[PDB]
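Engineer: The structure under discussion is supplied below as structure tokens; questions concerning it will follow.
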Amino acid sequence: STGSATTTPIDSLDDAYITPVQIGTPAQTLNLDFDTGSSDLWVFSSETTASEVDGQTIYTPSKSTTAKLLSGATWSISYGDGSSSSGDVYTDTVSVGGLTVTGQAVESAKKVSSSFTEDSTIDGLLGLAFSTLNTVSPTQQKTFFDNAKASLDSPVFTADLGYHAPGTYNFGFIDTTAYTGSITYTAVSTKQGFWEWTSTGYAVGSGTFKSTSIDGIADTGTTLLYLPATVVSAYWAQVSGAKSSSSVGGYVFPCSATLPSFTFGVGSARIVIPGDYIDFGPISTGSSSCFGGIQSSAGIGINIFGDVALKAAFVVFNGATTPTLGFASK
Ligand SMILES: CCCc1nccc(N)n1
């Protein structure tokens, strides 16, 4: 089998991407944030505290003839941005882009933190990291990808995120029309439950490439590119008037600037992030200070290749017995 679904930015800045997902019988379509940095499929629901729902579409398990309570199971998650959610668990039929999994764990939120409430466009998360990170207790549950894998034509999914435009998540096949040149594959460590890999280095604009190992994660659920402070300082030093602001919480730059590109290494290959991808717009409405898309990881404990980086590539998440990542230009 295969599946193919369009992913759409939630706003003019590409803060996140939503993909429609069919849950239950008859189908209930929710728009989920596909997240290769976490491993829970959780939804706004008929169980969510009413004051914490503000415009999201909810899953109502009592209206699904295939929903079953997973007795005794609970979940609770906290994300790198400090957001959180928790609840109980159903199994139900879940389809993405024509690919169906029966008996998927659908984690129903009883509580969500204010960032989730305040974002009417995201109805929940669909985790695509390794199932070892799944938070369901006392019986850990499998991701949608892990449940689909055996049925797929090839044990892979691909992320093709757009810049200010829709893109695609494919399951079970590699669309050879979706990228230019060849796909460079690189080793993955699953030891922390992430798609963790080592970039071979970077360049700033037309500058010379610096060969240096940068360990980090391929994370579709993170907006920005978080790298070591040395690398980030080298980038922003090329932008007149850029500075790190403790009050704003990162590097800011004059909105009048033209940003340089940023290149990262994948083996001997190179992915170029255009400068425009690094502009996250005014820090507050009408400000002439703009927020940068490349920020320091120093306060995180891991480097994160988030959407700023991944949207410059066609990315293969190879779930073979020994997982690997692939990157192509597009
Ligand atoms: C705007 C980024 C997407 C998002 N929305 C709500 C909560 C969260 N952690 N991320």
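We number chain A the way Swiss-Prot does; in order, the residues shown are 90-419.
Including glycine, each Cβ sits where the backbone N, Cα and C put it.
So Swiss-Prot lists the following for this protein:
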- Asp124: active site (ACT_SITE)
- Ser288: active site (ACT_SITE)
- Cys344-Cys379: disulfide bond (DISULFID)
- 106-417: domain 'Peptidase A1' (DOMAIN)
Engineer: Fill in the CA-CA distance, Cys344 (disulfide bond) to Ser288 (active site), as an integer in Å.
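Structural biologist: One finds 30 Å between the Cα atoms of these residues.
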Engineer: Suppose we draw a 10 Å sphere around the Cβ of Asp124 (active site). How many other Cβ atoms does it contain, all chains included?
Structural biologist: 21
Engineer: Select one residue from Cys344, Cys379: among these disulfide-bonded residues, choose the one with the most other Cβ atoms within 10 Å of its Cβ.
Structural biologist: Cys379
Engineer: Using Cα coordinates, what distance in whole Å links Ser288 (active site) and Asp124 (active site)?
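Structural biologist: Here the two Cα atoms are 20 Å apart.
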Engineer: Taking just the CA atoms, what is the gap between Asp124 (active site) and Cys379 (disulfide bond) in Å?
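Structural biologist: Rounded to a whole number, the Cα-Cα distance is 26 Å.
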